[PDB]
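Next comes just one chain, in structure tokens: the form deposited in one PDB entry.
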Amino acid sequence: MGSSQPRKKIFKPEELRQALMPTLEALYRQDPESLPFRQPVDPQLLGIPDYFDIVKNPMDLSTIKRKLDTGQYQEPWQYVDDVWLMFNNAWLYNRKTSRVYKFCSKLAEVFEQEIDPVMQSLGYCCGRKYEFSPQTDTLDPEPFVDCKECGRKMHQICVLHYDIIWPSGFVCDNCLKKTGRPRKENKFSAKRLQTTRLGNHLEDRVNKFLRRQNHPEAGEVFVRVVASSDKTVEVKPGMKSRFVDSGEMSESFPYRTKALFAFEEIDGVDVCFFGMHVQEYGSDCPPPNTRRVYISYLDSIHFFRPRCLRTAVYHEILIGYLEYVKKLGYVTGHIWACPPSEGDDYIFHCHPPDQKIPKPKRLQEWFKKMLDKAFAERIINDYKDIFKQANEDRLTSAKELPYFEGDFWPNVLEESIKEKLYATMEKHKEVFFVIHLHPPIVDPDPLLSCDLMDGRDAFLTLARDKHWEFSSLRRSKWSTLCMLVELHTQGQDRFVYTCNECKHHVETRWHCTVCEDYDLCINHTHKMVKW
């Protein structure tokens, strides 16, 4: 296996030592925390024959200092990787309550805030050793990539490099200030996802809302509908033979499901922070589902900036949804406020460890607060929970309850035929909402075939494979970076162009500077370029 990198950056021992050992010194100065670490662990002094069967590679301050003094480190990452082995040996062998487990953690905390700046003016991203959170003994490591001119290794996630975006390879940031080069534009951006009138309504709505507070840290939000597709919900086999063979409810119900996500600009790059799947039952769907929308799933990662605006924006999105479908012609909407099972994530592959999953009452209350200003903003006229609504309308048949795909009710009914039930309704009153917003329906928006977001399973699965975690701000940015590459490139629709006056087909064409999607034939107010 041969090596080439003609003008590599090589660090001479004194360069490395002179820069890196200010950091080792900070660790030695921690008294008493550092004293079990100034020496290699001696299992016969400590009475733990355990150790070398458990820790297959001991490491300690003294060893790292001698490696540093003799020059056994060629690249700084080897120095960094050795102390993390020292910490990792500590955190492993010892119980999470040990004294030296803690000592270590204080040492880890100081090495974290010392190594990052040093490694940065050595031209590197951080001085951290990163590994992906466990899946179903081993962890997978964060990827690295090497600058095409430096040869110096950096965290793929730290510098957000992706070959599909920049196919000429990765080149570092100061080798571009010396190249005179600025980095080519990332054209695979959340904003540049295909725009739709639904998506525009919600981003246009929250955007000046955020200006309504004008907090300095706020950045742009892009809302995009990334998948849209006509589906049919089959009536499940219990109610199957008892209501449709009779002919009182339909065999299937046609709906249009959409998946839609919201992104914010953080540190200059798209971060995805909200996702939702809806079911829209139009005006030719027969009773009981006619003119009804339903929120299958909703999920969130909390890194929205600033956090004192976070939830407000979730609401304005939801508010904007009912505002949008009201006008298109929908009349009632239906929420099942059920908080995530397990450590089961609804949409996003791996939530932050310290993001709290609400108690159902908290989420119920949340949805009630959300609804209260839809009423007040003159948007919906009111809303009840399912019983102050079911028997206000005096429902008595099992066939009158809206019948949605994957909803609770189709399956409680499903094997209540197998074996009473108005009681199983009334226990779960506050988890199911019914929203009154108020001539056929028209979805102006086209259909977006994008299998990845055709239901929540495709996206979760692919992130698990590819370690697109939403665990931290930095991992969030990286899996947004790649989520968007998947949406842009391997979506299932490719585009025929039309010229807005001529009805006609175009390939050669002129496009407006500012119009949302406006081309016109060579065969007007706007500045146009030839595309």
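Residues carry their position along the shown sequence, with the first being 1.
Only in words, not in the display: the form deposited in another entry, which the text now covers.
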Original post:
For the rigid movement of one part against another between this form and the one not shown, which of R494, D465, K178, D284 sits at the hinge?
Top reply: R494
Subject >> Cα distance between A190 and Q492, which in the other form differs by 3 Å or more from this form, closer or farther >> reply: closer
Subject >> Residue pair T513, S228 - Cα distance in the other form, closer or farther (3 Å or more) >> reply: closer
